[PDB]
*Asks:* 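Below you'll find the structure I mean.
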Amino acid sequence: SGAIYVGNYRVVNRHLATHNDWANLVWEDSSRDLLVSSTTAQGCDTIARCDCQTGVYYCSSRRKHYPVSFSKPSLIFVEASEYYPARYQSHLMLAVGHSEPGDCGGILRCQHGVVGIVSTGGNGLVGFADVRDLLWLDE
Ligand SMILES: NC(=O)[C@H]1CCCN(C(=O)Cc2cccc3occc23)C1
Ligand SMILES: [Zn+2]
């Protein structure tokens with residue numbers, strides 16, 4: 001579990017979105033596993049606007065932060081799940097690192113701010129849904 005809070009927005013994994021998130025929907029994309037909903041309170045996360053390929057993520061299943069090198073956002077095949085059929089997930093970045101299903105929502109950050117959130121994993125890999133292209137999150 002986990003979310004990004006920036007301005008009047010809440011960014012979460014689309015497969016973990018709540019009834020409240022869907023009742024206050026701003027935008028959602030199944031191909032990215034992202035959903036953004038509106039909030040009454042003000043968010044203070046800084047979103048990174050960069051092409052960094054190194055950063056640090058939070059891994060809830062270990063209660064620890066890990067440094068990682070990660071790939072550029074791209075279309076990566078993801079096996080079928082209870083939430084989606086087998087498909088290519090777009091805007092996804094992979095890294096070598098520990099992850100378990102409950103790790104989704106953990107933030108990945110570089111020196112510039114929030115890069116994205118854990119969205120996939122398995123076999124010593126961890127996948128992050130990128131958020132750096134969503135320029136509208138700031139205004
Ligand atoms: N974006 C998707 O389509 C997700 C939906 C839920 C399932 N999923 C996973 O990758 C499950 C998983 C296994 C093992 C380590 C994992 O770390 C994070 C997630 C995960 C794909
Ligand atoms: Zn950066």
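Counting starts at 1 for both ligands and their atoms, in listed order. The basis for the numbers below is simple: all heavy atoms, side chains too, and nothing from hydrogens, waters or symmetry mates. Numbers for residues simply follow the sequence, beginning at 1.
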*Asks:* Using a strict cut-off of 4.0 Å, indicate which atoms of ligand 1 neighbour a heavy atom of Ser99.
*Replies:*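 What qualifies from ligand 1 is 15 (C), 16 (C), 17 (O).
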
*Asks:* Side chain, backbone, both or neither: which applies to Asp103 and ligand 1 if a contact is any heavy-atom pair less than 4.0 Å apart?
*Replies:*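 No part of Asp103 comes within reach of ligand 1.
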
*Asks:* Say you draw a straight line from CG of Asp138 to OH of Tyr9; how long is it, rounded to the nearest 0.5 Å?
*Replies:* 10.0 Å

*Asks:* Can you tell me how far CZ of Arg14 sits from SG of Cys104, rounded to the nearest 0.5 angstrom?
*Replies:* 14.5 Å

*Asks:* Check contact between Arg87 and ligand 1, using heavy atoms of the residue and a distance below 4.0 angstrom.
*Replies:*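 Yes, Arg87 has heavy atoms under 4.0 Å from ligand 1.
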
*Asks:* What are the atoms of ligand 1, with element, lying closer than 4.0 Å to any heavy atom of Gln89?
*Replies:*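 What qualifies from ligand 1 is 1 (N), 2 (C), 3 (O).
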
*Asks:* Looking at atom 13 (C) of ligand 1, what's its closest protein heavy atom, distance included?
*Replies:*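 Going by distance alone, atom 13 (C) of ligand 1 is nearest to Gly121 O, 3.7 Å.
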
*Asks:* Looking only at heavy atoms, what is the nearest atom pair of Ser60 and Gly102, with distance?
*Replies:* OG-O, 3.3 Å

*Asks:* What residue and atom, counting heavy atoms only, is the protein's closest point to atom 4 (C) of ligand 1, and at what distance?
*Replies:*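 Protein heavy atom at minimum distance: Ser119 O, 3.3 Å.
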
*Asks:* What residue and heavy atom of the protein are closest to atom 9 (C) of ligand 1, and at what distance?
*Replies:* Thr120 CA, 4.3 Å

*Asks:* Keeping to residues at least two apart or across chains, list the salt bridge (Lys or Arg N to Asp or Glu O under 4.0 Å) pairs with something in residues 91-113.
*Replies:* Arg62-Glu100

*Asks:* Using a 4.0 Å heavy-atom cut-off, say whether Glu79 meets ligand 1 through its side chain, its backbone, both or neither.
*Replies:*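 Answer for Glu79: neither.
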
*Asks:* Take the angle between the ring planes of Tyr66 and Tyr57 and call it parallel below 30°, perpendicular above 60°, tilted in between.
*Replies:*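 Judged by the thresholds at 30° and 60°, the geometry between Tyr66 and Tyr57 is tilted.
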
*Asks:* So which of the N, O or S atoms of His112 lies nearest the Zn ion (ligand 2)?
*Replies:*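 In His112, the N, O or S atom with the shortest distance to the Zn ion (ligand 2) is ND1.
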
*Asks:* Please list the nearest protein heavy atom to atom 7 (C) of ligand 1 with its residue and the distance rounded to 0.1 Å.
*Replies:*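 It is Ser81 CB, 4.0 Å.
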
*Asks:* Considering heavy atoms of the protein only, find what lies nearest to atom 17 (O) of ligand 1 and give residue, atom and distance to 0.1 Å.
*Replies:* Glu100 O, 3.1 Å

*Asks:* Classify the contact between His15 and ligand 1 as side chain, backbone, both or neither, using a heavy-atom distance cut-off of under 4.0 Å.
*Replies:*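 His15 to ligand 1: side-chain contact only, backbone stays beyond 4.0 Å.
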
*Asks:* Considering only protein heavy atoms, which is closest to atom 6 (C) of ligand 1, and at what distance to one decimal place?
*Replies:*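 Going by distance alone, atom 6 (C) of ligand 1 is nearest to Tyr83 CD1, 3.6 Å.
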
*Asks:* What pair of heavy atoms forms the shortest contact from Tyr84 to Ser30, and how long is it?
*Replies:*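 So the minimum-distance heavy-atom pair works out to CE2-O, 3.8 Å.
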
*Asks:* Out of all atoms in ligand 1, which are within 4.0 Å of some heavy atom of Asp33? Include the element for each.
*Replies:*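 It comes down to these atoms of ligand 1: 1 (N).
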
*Asks:* Hey, what do you get for NE2 (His112) to CZ (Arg49), rounding to the nearest 0.5 Å?
*Replies:* 12.5 Å

*Asks:* Just jot down the ligand 1 atoms closer than 4.0 angstrom to any heavy atom of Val78, in number order.
*Replies:* 3 (O), 21 (C)

*Asks:* Return yes if a side-chain donor-acceptor contact under 3.5 Å exists between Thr120 and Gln89, otherwise no.
*Replies:*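 Looking only at side-chain atoms, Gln89 and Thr120 do not form any donor-acceptor pair under 3.5 Å.
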
*Asks:* Given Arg10, which partner from the list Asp21, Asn20, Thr39 fulfils the side chain to side chain donor-acceptor pair (under 3.5 Å) test?
*Replies:*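 It is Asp21, the one option of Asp21, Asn20, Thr39 that forms the side chain to side chain donor-acceptor pair (under 3.5 Å) with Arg10.
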
*Asks:* List ligand 1 atoms under 4.0 Å from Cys104, heavy atoms only on the residue side.
*Replies:* 18 (C), 19 (C)

*Asks:* CD1 of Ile4 to CG of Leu34: how many Å apart, nearest 0.5 Å?
*Replies:*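 Spacing of CD1 (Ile4) from CG (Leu34) equals 8.0 Å.
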
